[PDB]
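Visitor: coords please:
(2 chains)
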There are 2 protein chains.
Amino acid sequence: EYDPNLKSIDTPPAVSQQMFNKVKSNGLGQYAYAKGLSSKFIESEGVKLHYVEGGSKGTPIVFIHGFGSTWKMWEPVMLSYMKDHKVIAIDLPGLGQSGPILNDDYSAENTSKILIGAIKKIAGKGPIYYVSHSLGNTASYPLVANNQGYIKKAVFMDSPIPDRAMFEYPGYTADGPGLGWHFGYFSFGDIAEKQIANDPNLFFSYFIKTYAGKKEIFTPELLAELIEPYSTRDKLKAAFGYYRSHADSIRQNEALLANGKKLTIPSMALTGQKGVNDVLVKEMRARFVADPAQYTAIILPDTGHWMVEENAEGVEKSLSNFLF
Amino acid sequence: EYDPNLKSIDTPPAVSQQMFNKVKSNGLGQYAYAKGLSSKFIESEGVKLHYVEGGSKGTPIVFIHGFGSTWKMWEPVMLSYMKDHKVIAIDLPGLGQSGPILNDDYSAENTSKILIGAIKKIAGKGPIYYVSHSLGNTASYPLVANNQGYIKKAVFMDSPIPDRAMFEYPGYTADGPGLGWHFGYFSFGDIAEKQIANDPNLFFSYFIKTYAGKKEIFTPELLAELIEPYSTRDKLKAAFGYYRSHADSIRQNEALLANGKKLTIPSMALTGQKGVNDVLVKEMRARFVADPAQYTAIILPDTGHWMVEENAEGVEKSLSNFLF
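Guide: Numbers count the residues shown, from 1 in each chain, chains lettered A, B, ... in the order given. Take a look at the structure below.
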């Protein structure tokens, strides 16, 4: 929730860059994976994807991060599940250590095409469970909707799936900046890319803390680890490509919804009370589920947008109860 | 109207600063006062306001600029009218050469109180005509609603007056970034202030051209003149205070309307088709005017948001036909 008293940092960009360098050179943040996990790369449709996996036996679980995150956001859950499950977290095209989509088509259909080809190779013949967060929800709906069966169950976390309401979210509210404003700023030419690349730490420290419920978790070192992956123009260009492509993704998802392809597999909207809250919950119920008997909605209390950082226990309990 | 084909500049920020310095050092832009016009300062409620005046006899006309402008935006109109009218253009609190509101209360009620005190000293016993553009519309509704009679006719240009719909304007649309996004960005901590201060020429060249119908008018030299007044953290902080204070301004204007304080004097919505377009026209007609017969709506075709820059003759004739 917007906090009018939150201060932005005044760290000089040069000092922040030293922090980012230290993260990479010391193999921290997105480059750090715990015992049991392996970092790999795979080519899909000419795009080199980075992923991390663990486990072997048991229904595979594929985790797709979003904006401000990489695969790394899933590490605690992956470690928790790897004893019983193959666990796979993939960096979204262009983000983390995955290469960019060079024709700039970051629409839901294109990213879904890229992801599914990789998933089929890494996860195998299935079925699998599919867990998505933030921009993962933008990248993934066609993938999930067109692969029900191979996807046995699916979870979308906090952020809305692109639909007609994305043309409606307000830029401003009685509480200050609204859900809609970043969809505009991030698709406003290359301005966000250029402005944020000048001082990624400044923008993201404020941005990340703003949507956190538990702000104290986000120490400067943790913030550096989180922001390093988004510290260059190429990574910001890729991230904001998702936003430029939203009108496309909306048209694509609206077509799926109208042309049969609602969800007939069990699905869950899992959100943070202090994050995006009830938007995804209402959205999926009203528009995305064929039978509400298969739909679970859970809003974690006192939890912001960064759900695994702030409430890994709540995320894990919700996923376990729903998936297994 | 967003332009996906418009490119941002690549001018180094140091080179842009040379341009801003040339503007100030040579008395260009907001510092250039045409023959017959006089630059002055007046204290109101502890705030030092800059204003420019011309003419002597005739019903006075007060002009209030908005975001991206200063008194300077009105100069051609002022020159047109000064032989027959006292003409007065005031820099909004904190903007142009006016000093800041130190407690950050840039709400409609506060800015209206500051403005009306100065206006009554400068313009005299009245009655007067009042003409506003962009953030001037945010600053001015209580002033106008509470001083009808002294204010004999009022014109609001392009931008909406803060009301309930300002909590609704979408951040994103099928045609790209929407009317709502900047209301959120500009009220998001001090992030806009800091990012734009790093390279004002980059942000404003793109912002200004995007909102223009006639983009060719905005040469680098004109843009240097327009951006210089918004080239420092203090000026940007004030500008974005109007945005932080919008939720206050909305509650204040809604309270006015709910207590029946609609306009009962002739009023006009004068907008640019390629600018904010029909939003203000519809808003004033539905919510702000007691008697539709007193209300004039004019949307200038092929004219963007910067109405006097882009169509000085159309603005002058529309104003003249309505006011005189």
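Visitor: all helices for the stretch 151-300 of chain A, in order.
Guide: For the stretch 151-300 of chain A, the helices defined by DSSP state H, counting those that start in this stretch cover A:181-185, A:191-198, A:200-211, A:220-227, A:233-244, A:246-258, A:279-283.
Visitor: Show me which residues of the stretch 201-324 of chain A sit near chain B.
Guide: Within the stretch 201-324 of chain A, the positions near chain B by CB under 8 Å from any CB of the partner chain are A:202, A:203, A:206, A:210, A:246, A:247, A:250. Bear in mind the C-beta positions are built from the backbone N, C-alpha and C, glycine included.
Visitor: quick one: the fourth one from residue A:137, how far?
Guide: From residue A:210 over to residue A:137 the distance is 19 Å, taken as CB to CB, to the nearest Å.
Visitor: Could you tell me which residues make contact with residue A:122?
Guide: A:42, A:51, A:53, A:88, A:90 (CB atoms under 8 Å, 6 or more residues apart in numbering or on different chains).
Visitor: Would you mind extracting the C-alpha trace of the host helix or strand of residue A:319 into PDB?
Guide: According to DSSP states H and E, residue A:319 maps onto helix A:307-323. This file holds the C-alpha atoms of helix A:307-323, laid out as PDB (Å, rounded to 0.1, in the frame of the first residue of the first chain):
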ATOM      1  CA  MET A 307       4.700 -12.700  -1.300                       C
ATOM      2  CA  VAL A 308       7.500 -15.300  -0.800                       C
ATOM      3  CA  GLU A 309       9.900 -12.700   0.700                       C
ATOM      4  CA  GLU A 310       7.200 -11.500   3.100                       C
ATOM      5  CA  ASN A 311       5.300 -14.700   3.900                       C
ATOM      6  CA  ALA A 312       6.900 -17.900   2.600                       C
ATOM      7  CA  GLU A 313       5.000 -19.900   5.200                       C
ATOM      8  CA  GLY A 314       1.600 -18.500   3.900                       C
ATOM      9  CA  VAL A 315       2.500 -19.100   0.300                       C
ATOM     10  CA  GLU A 316       3.800 -22.600   1.000                       C
ATOM     11  CA  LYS A 317       0.700 -23.500   3.000                       C
ATOM     12  CA  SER A 318      -1.600 -22.200   0.300                       C
ATOM     13  CA  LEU A 319       0.200 -23.900  -2.500                       C
ATOM     14  CA  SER A 320       0.400 -27.200  -0.600                       C
ATOM     15  CA  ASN A 321      -3.200 -27.300   0.400                       C
ATOM     16  CA  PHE A 322      -4.300 -26.400  -3.200                       C
ATOM     17  CA  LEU A 323      -1.700 -28.500  -5.200                       C
END
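Visitor: which strands and helices sit next to that helix?
Guide: Helix A:307-323 sits against helix A:75-81, strand A:128-133, strand A:151-157, strand A:267-272, strand A:295-300, with contacts defined as 3 or more CB pairs under 8 Å, 6 or more residues apart in numbering or on different chains; DSSP states H and E.
Visitor: So which residues make contact with the first one?
Guide: What it means is helix A:75-81. Taking CB under 8 Å, 6+ apart as the rule, helix A:75-81 contacts A:33-34, A:36-37, A:52, A:54-55, A:61, A:63, A:87, A:89, A:308, A:312, A:315-316, A:319.
Visitor: Which of those residues sits closest to chain B?
Guide: Chain B has its nearest neighbour among the contacts of helix A:75-81 in residue A:308, at 24.5 Å by CB to the nearest CB.
Visitor: burial count for the closest one?
Guide: 23 (other CB atoms under 10 Å in any protein chain shown).
Visitor: correct me, but it touches residue A:66?
Guide: No - taking contacts as CB atoms under 8 Å, residue A:308 lies outside contact range of residue A:66: 11.5 Å.
Visitor: Secondary structure class of the most centrally placed residue in chain A, three-state.
Guide: The centre of chain A sits closest to residue A:66, judged by CA atoms, centre = their mean, with a distance of 1.8 Å. What DSSP: H, G, I helix; E, B strand; the rest coil gives for residue A:66 is coil.
Visitor: who does residue A:268 bridge with?
Guide: In this entry, residue A:268 is beta-bridged to residue A:155, residue A:296, by DSSP bridges.
Visitor: Pull the number of nearby residues for it.
Guide: If you count neighbours by other CB under 10 Å, residue A:268 ends up with 24.
Visitor: helix, strand or coil for the closest residue to residue A:90 other than its chain neighbours?
Guide: The spatially closest residue to residue A:90, leaving aside those adjacent along the chain, is residue A:51, at 4.3 Å (CB to CB, 6 or more residues apart in numbering or on different chains). Following three-state DSSP, residue A:51 is assigned to strand.
Visitor: can you list the residues of the stretch 201-324 of chain A next to chain B in CSV and add neighbour count and distance to residue A:147?
Guide: As requested, these are arranged in CSV below (neighbours: other CB atoms under 10 Å in any protein chain shown; distance: CB to CB, whole Å):
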residue, neighbour count, distance to residue A:147
A:202, 25, 40
A:203, 24, 35
A:206, 19, 38
A:210, 20, 35
A:246, 24, 22
A:247, 20, 24
A:250, 22, 20
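Visitor: Farthest-apart pair in those residues, please.
Guide: Farthest apart among those by CB to CB are A:202 and A:250. That separation is 30.7 Å.
Visitor: residues from the stretch 51-200 of chain A in reach of chain B?
Guide: The stretch 51-200 of chain A comes close to chain B at residues A:166-185, A:187-191, A:194-196, A:198-199, as judged by CB under 8 Å from any CB.
Visitor: and with 10 Å instead?
Guide: Within the stretch 51-200 of chain A, the residues that sit near chain B (CB under 10 Å from any CB of the partner chain) are A:164-196, A:198-199.
Visitor: filter those to the buried ones?
Guide: A:165-173, A:176-196, A:198-199 (16 or more other CB atoms under 10 Å in any protein chain shown).
Visitor: count of neighbours near residue A:116?
Guide: If we define neighbours as other CB under 10 Å, then residue A:116 has 21 of them.
Visitor: list the contacts for it?
Guide: By CB atoms under 10 Å, 6 or more residues apart in numbering or on different chains, the contact set of residue A:116 is A:44, A:45, A:62, A:140, A:142, A:143, A:144, A:146, A:147, A:150, A:151.
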